[PDB]
Structure formats: structure tokens, C-alpha cells
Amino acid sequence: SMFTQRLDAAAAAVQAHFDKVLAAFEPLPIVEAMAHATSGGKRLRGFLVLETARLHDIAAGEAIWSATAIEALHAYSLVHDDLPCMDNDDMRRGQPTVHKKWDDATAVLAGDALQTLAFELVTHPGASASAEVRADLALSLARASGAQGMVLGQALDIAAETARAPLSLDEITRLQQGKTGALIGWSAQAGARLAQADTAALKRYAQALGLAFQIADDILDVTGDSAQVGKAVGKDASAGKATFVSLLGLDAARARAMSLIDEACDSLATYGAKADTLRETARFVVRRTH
């Protein structure tokens, strides 16, 4: 009840911050596309930033910059992933994708500008009184987002598409760690970085959470309803992809995801009960219907 309330409030706060910042830009189609691509979503990543910041006694009014930043980065990655030359999706978050509503060029550019906006948001002085902190947030964001992190993941996903054999569990795990793990890792570590505090516990938490999240996303592709998930389902099989469900089967995938909840929760022990919202987030990542 308290978890659900916090999540709803975080989503509202992130949306309000996007509405502020994007209303400062010129009212051109590319900016309208930026606003379209950043609306909606569960706000898992932003919520992680806000709740890890709360854990470390960082002001919400500062943490919102970093929470909006990671949502802008994540949104960019989806705008490009949905492109015809990529995964070619017509719908995202229950709405047409940017290239559908506008066109491919607008999607390329809107995505590009959203990546840039992520960096503007974390380096804005509001993000932290400490320039050490802002520089560190930006550096770690770039390393999480680029060709050692999320884009590496995207590249491995492409390699797989036409791999001679199907990937092993170890290969799809390394793929997951770039493709989804990196940005979730940045989000969870954010609060510790904001406080210049040790990131080890939250890094461990996120390693487990990110894997559970991906297993859940693979399960939604197989058993979910496009009306509730807001995107096409059955995609993975159509593309012949190894996924956690193809390798493990559904029962064992679900069970592995549940065991990862325990690992994520155990990682937080040093924080005590102040980390309970992060514990419930781990349960959410597996339970969720979308």
C-alpha cells in the first residue's frame, strides 16, 4: 500500500519534471516526439533513483534530476530499438511508436536528443551541490549506456539474431547484463553515488534485480496480453531468440526469478528496514503484469 503510493507519486514527479524541462524547448515535431517517448512507463528506473536517494538521505528535489535523466536515457534506447531497422515495433506503452506517428528521421533525432537530455539532466547543478557527484553520475551513466553497457547489450542481441547455434545460458546472461542490467544498475547505485557512499550493496542488489526483471520481461513475451503490456507479445519466438524461458522453460524461469528476489533482498541487509521499499520493488519486478 505504501509501496504502491510511492511508485505512483514517483511516476507523477518524473512526468512533471519532463513537462517542465521539455516546455523550455521549441514547439517542433522532434520535441513533441521527445515528450511522446518519455510519457508513460512504469518508471522503474526513475523510482530506483528516487528510492535509493531516499535511502541515503538525499533530498527528493535533487534526486529528481537523476531520476528523470535515467528515464530520458531509457526512453531514447526504446525509440531506437523500435525502429524498422531494429526490432520494428508499431506500439510501445499502448501508443504508436515515434517512427509510426511521425517518421524514421524524427525517431532517430528524437532518440538522439533524449540521450543528450539525459546528460544535461545529471550535470545540471540541481542534481547535486557537489560537482564531484555530478561528474561521477555522468561518467558512470556514459559507461552504463555506451558500447560497454546498454549498446553492447544491443549489439550482442543483434549478433544472436543470426548466430549459427542458439545461445547458452551464460551467453544470454552476459547479454542481459548489458542490455537491461546496466541501466538498472546505474539507477540503483544512484542514491549511493549521490551521497558519495559505498555502492557495493546496491550493485549486488541490482545485479539480481536486473536478471529477475529480464526473466519477467521474457515471461511477459510468452504469457502476457499486449493490451496490458502495451507492446506486441510473441516476438521472441518469431525471431528464434534464446531467452530465459526458451532455455529454462517457464516453471524453472519463474522459480529462478523468485530465487533472485531473495538474493536481491539479502543484498540489502546492511541497510535494515530503511530498504524495505527496495525489497518490495524486487517483488514487484517479478509479480508485475506489464
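Numbering starts at 1 and runs along the sequence shown.
Note on 31-39 vs 233-241: mean CA B-factor is higher in 233-241.
Between 180-188 and 153-161, the higher mean Cα B-factor belongs to 153-161. Of the candidates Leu55, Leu48, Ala227, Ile70, the PDB record gives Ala227 the highest C-alpha temperature factor.
Across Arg134, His80, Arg193, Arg174, the entry's maximum B-factor at the CA atom is seen for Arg174. Sort the modelled residues of the chain by CA B factor and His99 lands in the middle third. In the PDB entry, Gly126 places in the middle third of its chain by CA B-factor. The entry lists a Cα temperature factor for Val14 that places it in the lowest third of the chain's modelled residues. The PDB entry assigns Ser168 a C-alpha temperature factor belonging to the highest third of its chain's modelled residues. For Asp90, the recorded CA temperature factor ranks within the highest third of the chain's modelled residues.
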